[PDB]
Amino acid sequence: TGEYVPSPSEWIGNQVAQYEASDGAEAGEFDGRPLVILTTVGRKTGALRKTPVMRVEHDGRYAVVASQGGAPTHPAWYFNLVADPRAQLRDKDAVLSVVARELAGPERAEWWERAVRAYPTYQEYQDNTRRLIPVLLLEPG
């Protein structure tokens, strides 16, 4: 409870670790594009959970996209946000307290365009799912 428990994936855990140790100077990009670290509260364990995701930024808001590399199912961090939308978003040296809001309609469309601009592969994922990919807006706390 309130304790960070890393992803069981050694590679993900290791990427979170290097990013935090270096303010994103290490492990700060994937596919040549910037990452941020999302911290959520585990809805079952109360553990703090930390997840690298693509950076998608505008006016101090961040959108996070629950694509899980084009996996069929939602990732755990998505359920965590639905249970408690409070999160931390680390972008390099800045650590923001934010609250998540899942997007729909024209607002979603706007951030989806921003997300695909940032990481075109997201469109490939959506094309390959019949389920709408969750896009959550992280707003300043």
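Each residue number is its position in the shown sequence, starting from 1.
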item	value
Residue range whose averaged C-alpha B-factor is higher in the record, 124 to 132 or 5 to 13	124 to 132
Selected stretch [higher average CA B-factor]: 41 to 49 or 109 to 117	41 to 49
Peak C-alpha temperature factor (PDB record), options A94, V36, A76, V65	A94
Among modelled residues of the same chain, the CA temperature factor third for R55	lowest
